Amino acid sequence: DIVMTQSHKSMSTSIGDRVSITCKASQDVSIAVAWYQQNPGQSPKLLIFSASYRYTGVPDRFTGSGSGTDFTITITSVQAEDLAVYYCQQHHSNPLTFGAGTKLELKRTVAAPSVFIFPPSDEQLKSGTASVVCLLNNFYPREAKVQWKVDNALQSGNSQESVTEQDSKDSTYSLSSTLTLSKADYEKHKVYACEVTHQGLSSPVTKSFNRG
Amino acid sequence: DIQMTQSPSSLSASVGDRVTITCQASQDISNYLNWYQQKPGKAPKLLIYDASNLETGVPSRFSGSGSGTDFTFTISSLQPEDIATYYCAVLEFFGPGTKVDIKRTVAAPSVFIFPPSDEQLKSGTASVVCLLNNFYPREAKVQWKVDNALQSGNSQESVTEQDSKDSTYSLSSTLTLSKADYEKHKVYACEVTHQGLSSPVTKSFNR
Amino acid sequence: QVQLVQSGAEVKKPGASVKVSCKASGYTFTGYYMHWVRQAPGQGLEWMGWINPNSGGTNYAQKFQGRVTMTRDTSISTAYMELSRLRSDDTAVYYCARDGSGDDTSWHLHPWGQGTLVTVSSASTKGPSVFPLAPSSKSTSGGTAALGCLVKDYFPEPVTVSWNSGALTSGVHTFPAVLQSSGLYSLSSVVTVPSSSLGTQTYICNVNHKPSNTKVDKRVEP
Amino acid sequence: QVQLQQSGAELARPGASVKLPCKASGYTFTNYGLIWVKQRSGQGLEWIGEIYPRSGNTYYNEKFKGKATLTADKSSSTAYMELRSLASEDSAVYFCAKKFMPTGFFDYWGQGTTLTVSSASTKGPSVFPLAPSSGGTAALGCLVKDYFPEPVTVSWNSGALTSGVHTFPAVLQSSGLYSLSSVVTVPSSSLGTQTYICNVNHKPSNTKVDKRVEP
Ligand SMILES: [Cl-]
Ligand SMILES: [Cl-]
Ligand SMILES: [Cl-]
Ligand SMILES: [Cl-]
Ligand SMILES: [K+]
Ligand SMILES: [K+]
Ligand SMILES: [K+]
Ligand SMILES: [K+]
Ligand SMILES: [K+]
C-alpha cells in the first residue's frame, strides 16, 4: 500500500514559536494529501487538503506544502489549542492510508521524577491478590523506564504501566506502574524495589520497602 | 461497449405540446441514464440525471423516467426556446440524438437586397446580398436576375436555425460576380418565391 | 458562477499537435474530475477521457490512448488536453466538462466549457475583410429596414459578430458561414431596424476573428 | 448542518457480531461516499472501507475483507458497518466520515462509537488505599482495581482537593477487568491533621465508594 510516514511520533514546541510536521509518501501522490487534527475524545478535523489549501474555517497559522512525496504542515505562532495530534492522508489510490500521527507537545526544562513505592494493602492481601504500585511524579521529558526488582531479581511481563497527559500548568508527566503478584508469591519474598531511569537522573533511582 | 439508440431521430411539434422521446441501452444500466440538451452553436447542458432527477436550475417542464434499458425524456409544454438536439448518455456512451423542431403558422419572408459596397469593388469582386427575414416554413426559392437574365451557378445560400423566440427561419443568398461583369450590367434583382406569399416577390436596384 | 473557459479556436497542419486549455472558476478545481468530449461538425458527442486534478490520474478512451495527453495546473486551476498526430477527422469542437457527481459510477457532466474549434488543415490563417450592407434607401417610411455587415474571405472558422457592442440584440441574424471554392469562409450579419432610426441612430458591427487576431468595428450608413 | 450521528458505546461478546449505524443528515446522502475508520487507544487512523450509497458499491481494505461489511440505506440516510466474528483486537473506536469532494478527503466525521469485546460482565471496583510512607511532600492515593466496564470517576475530598492530583489512565488486565490509580502529593505536615478521602464512582454498576487513606 502507499505508506505515509510521519517520522516523529511527537514534537516539542513552545507557544508562539513555529513548528513544521513532516510526512513522506512511499509513492508519488501528486498533491493528493490532506492533514487532519485530532484532540483526545474528539473526531479528526480537516485543516489542509490537496497539499496546500486550507479547509473553510482554518486560521492562516496553518499552511501546507509539498508535491510528490514530501509534504509538510506548518503552524506559525503555536497556540494551546494546537497541542494535539496531526495525521497526513493520501487520496491518490486505494487503500486509503493515514500517517501514524505526530503529537505536538510543549518543551520545558528537564525535571527528574519524584519516585514513590506503595506496598500492597492489608485489605487487598485479605483477598488473595497483591499489587505493588510505583509512581513517577511530575517529570520531563516523558521518556522514562521502570524496572521492578524482587529480592534484587528483575521482573518482566508481570507489570502494567500508564502515563498522564502533559500537565496544563507544569508541562510535566506522571507515570503509575503496578506489579501484580499472588498473595502466595508476595508473602514468600522480602524486599520489593522500583528502579527508575530518566534523562534527568544521573543514576537510576530505587525506592524499596521490606515486606513487614 | 454499450450501444445507445434514440427515437424519434427528428420530430416537429407545436408550442405547448407534450413531447416525449426515448432512449434504449444495449444492456441493463439500472437508472444511470442522463439527458443533455444542446442548442445550435452552444455546449450541451445537463437537464436530467439518474433517469428522473431534474438538474438544479432547469425548468420543471423537463422530466425523465425509466430503469433497465428503456427510458423516456419529456417536455410537458414545448416552449419556443426548447428547440435543440437532446442526447441521452450513460458514462462514456452517448446516444445519437433527437432533434426537436417546432411547427408554426406560415410567415412570409421580409425580402431585402443590398448592392456591392464601394470598398469591395476596389478588390475586384462584386458581392450582391439578398436577405429573406423570419419566414416559415423553411422552404424558399431565390432566383437572381442580373439584367432580366436568370442567373445560375454564381449564388451561395445560408440558412439560420429556427429562431428561439418566434420559430422562424432566415435565409441569406449571395451573388458573387467579377467586377468586370458587375459593371457591364445594371438591373440586378432578387426574386423570392415562398408559400407565405400570394405571388413571387422581387426586389431590385440599379448601378 | 461555476464556469469553464477554454482557449481560442486554432488551425493546425496535419500531423501536428494541439493543446486546448480550460480554466475553472467558481468551484474547487482540485475536487472534481474533468472530462473532455469532442464533436465533429454536424455529428454527435465522443468522449475522449478524464483527469483527476487532485491525484493527477487519467483515463482515456482506447480510441485515443496512445495519442492524447491530459494534464492540469492546479496553481491556476487550468486543465489541458493535447492531441497529437492530427488528421482531418480530428477537426471538431473540443469541450471541457466537469463531473459534478460524487458517486463512483454516475457522471453528471455540469458545467461544460464553451468549446474550442480545432481545424486540421494545411491552409494558413487569414483575417476577414468586413464590408457594409447599406439600407435600400427606398424602404417604407413607416416600416422597418435592414442593414448588415459582410464578413468575407477568412480562414479558419469562427468569427463573432456584435452590433453596437452588444447593445443591439433584437432582430440580429448572424448566418452560418459558407465555404467558397477558394477555401475561405464568408458569412453575413444583418439586423432589422425601424426606418426612423436610419437617419438618427448609428449602427456599427463588431467583427472579431481571433485565429488571426482581427477586429473591425465597421460603421454602416447609407 | 451536516451531521453524521453514530450510536453510543457498544459492548459485545467474542465471536458475536455488531452492526454500527451512521445516520446522515444535512446533505444529499447519495452524492457522497462514506468511509469507516478504526482507531484503537486514541492512536492511529486505519481505513476500513468505503461505500457509495447511490451506486451501493463498496471498496474494502484487504485486511478487513471478511471482517467488515458496509451497507447503505437510502431511505433512512443511514450507513451501516457490520463487524463479524468479533475478537479482542476489534475493540476500538470506529469513526464515520463523509467525502469532502469527489476526488477525496473527508470534511465531516461522526463522533465515533466505542466498541468493546470482552467475556466479562459488569463488576464494581475494589478500592484499596495507597498510604503515605513512614519534612517534605508526601504521596498518597487509591487503587481502583478489578472493575468493568469503563469508566470510573475519582475525586479527592469531594472535589475540595485538586492541586497535585493525578488520576492515571486505566489499564486492562488479563482477567478482562480494569485497574486504575489516583494519587495526590501533599505536605508531610498535613498527614494526621488533614484527612484524605478518594471518592470513586462506577456508574456502570451504581458503585459509589469513599475510602479514607491513612498513614
Ligand atoms: Cl450543464
Ligand atoms: Cl437566430
Ligand atoms: Cl499521478
Ligand atoms: Cl487526409
Ligand atoms: K520545533
Ligand atoms: K453501468
Ligand atoms: K454599372
Ligand atoms: K498533470
Ligand atoms: K462521478
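FYI, side chains are in, hydrogens and waters are out, and symmetry mates aren't considered; it's all heavy atoms of this structure. Whatever order the structure lists them in is the order used to number ligands and atoms, beginning at 1. Below, read A as the first sequence line, B as the second, and so on, with proteins coming before strands; counting in each chain starts at 1.
- Summarising the local packing, CZ of D:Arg40 is surrounded by more than 12 heavy atoms from other residues, nucleotides or ligands at distances under 6.0 Å.
- In summary, the side chains of C:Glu10 and C:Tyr94 do not present any donor paired with an acceptor at a separation below 3.5 Å, with no hydrogens or angles considered.
- Ring-plane geometry between D:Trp109 and D:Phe95 is classed as perpendicular, the angle between the planes exceeding 60 degrees on a 0 to 90 degree scale with a lower cut at 30.
- Relative to the ring axis of D:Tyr32, D:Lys98 places its NZ or CZ within 45° and under 6.0 Å from the centre.
- For a distance threshold of 3.4 Å, the protein N, O or S atoms nearer than that to the K ion (ligand 8), listed by chain and number, are C:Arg72 N, C:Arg72 NH1.
- The cationic group of C:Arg98 lies under 6.0 Å from the six-membered ring centre of C:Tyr27 and within 45° of the ring axis, placing it in a cation-pi geometry.
- B:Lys99 NZ: more than 12 foreign heavy atoms inside a 6.0 Å radius.
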